[PDB]
Every structure is written in C-alpha cells, then in structure tokens.
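Enquirer: Give me a 3D structure for the following:
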Amino acid sequence: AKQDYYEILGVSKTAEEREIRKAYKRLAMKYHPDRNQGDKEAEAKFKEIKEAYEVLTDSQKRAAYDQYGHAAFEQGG
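Expert: Numbers count the residues shown, from 1 in each chain. Sharing the structure here:
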C-alpha cells in the first residue's frame, strides 16, 4: 500500500482529465473488465486508477488523496 497514484497511470499528477482520460483508458484497457469479465478481477484495478485518478482532476483532493489514501480522515471536507 505504498505506491503513488498519479504516476500509477503514467501521468503528471498536476494534469487533469486530458491525460487521466487517455491514461486511465490506456492503462485500464489492459484490464477493462467490460470486455475482460472472463475474470472481472480488474474490477479492483479501478481502485488503482479510478480511486487514484479520481482526484487527479481536482486539487483539494490532490492534497487528501496524495497522502490520506481516499478521504481517510475527512469530517467536513
């Protein structure tokens, strides 16, 4: 559980959707269960890009997601 997430999709972290939209699809394709339901084990990989790249478009999360995993500690965020 010690792996970055902005780079997990070969990106820049400061990017936005432009790369997270070609990186999320370019790297998830390798797992895109929509077609790869023969195993569906990719369903979790989404937690690798969709859980990581989910904040690669915003900034307030870039500070939360880059260290507090996924809103780990958030009462009124």
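
Enquirer: What is the three-state secondary structure of residue 21?
Expert: Counting by DSSP: H, G, I helix; E, B strand; the rest coil, the backbone at residue 21 sits in helix.

Enquirer: That one: what's it in contact with?
Expert: Contact analysis of residue 21 by Cβ atoms under 8 Å, 6 or more residues apart in numbering lists nothing. Quick note: C-beta positions are derived from backbone N, CA and C, even for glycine.

Enquirer: run the last query once more with 10 Å
Expert: 9, 15, 53, 56-57 (Cβ atoms under 10 Å, 6 or more residues apart in numbering).

Enquirer: which residues touch residue 45?
Expert: By Cβ under 10 Å, 6+ apart, the neighbours of residue 45 are 8, 27-28, 30-33, 36, 51.

Enquirer: Only the buried subset of the contacts of residue 21, as a PyMOL command please.
Expert: This is how PyMOL selects the buried members of the contacts of residue 21, with burial counted by 16 or more other Cβ atoms under 10 Å:
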select buried, resi 9+15+53+56
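
Enquirer: Out of the contacts of residue 21, list just those in helices.
Expert: Using DSSP state H, no member of the contacts of residue 21 sits in helices.

Enquirer: okay, the contacts of residue 21 in a markdown table with distance to residue 74 next?
Expert: Putting the contacts of residue 21 into a markdown table (distance: Cβ to Cβ, whole Å) gives the following:
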| residue | distance to residue 74 |
| --- | --- |
| 9 | 23 |
| 15 | 23 |
| 53 | 19 |
| 56 | 18 |
| 57 | 18 |
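
Enquirer: Next up, the contacts around residue 77.
Expert: Residue 77 neighbours (Cβ under 10 Å, 6+ apart): 60-61, 64, 68, 71.
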